[PDB]
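A single chain comes next, written as structure tokens; it is the form solved without the partner chain.
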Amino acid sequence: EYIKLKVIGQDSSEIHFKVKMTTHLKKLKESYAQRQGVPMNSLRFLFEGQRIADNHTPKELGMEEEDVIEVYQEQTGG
């Protein structure tokens, strides 16, 4: 019962993540930052423009298969 989320970076690159509806999104943020080789707190992760918290889950955010997460530099970063 995974959904696949597409994570889009500042440079238009994509990394997809298969997650459960109950997965704490901290797991995704940490993995993504690791693969980019930057500290996790230098980034902010947005779903439809709203900030994804470590303890948010896809269910709480109303996410579904194929949904996009955008990654921006943290604004006081961070």
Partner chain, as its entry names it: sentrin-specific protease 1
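Positions refer to the first chain, counted from 1.
Mean CA temperature factor is higher for 35-43 when stretches 22-30 and 35-43 are set side by side in the entry. If you average the C-alpha B-factors over 69-77 and over 4-12, the higher value belongs to 69-77.
Although it is not shown, the form deposited with the partner chain bound is what the next lines describe.
Shown here without the partner chain, the chain has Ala53, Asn55, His56, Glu60, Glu70, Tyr72, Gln73, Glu74, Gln75, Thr76, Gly77, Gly78 in 52-78 lying with a heavy atom within 4.5 Å of that partner in the bound PDB entry.
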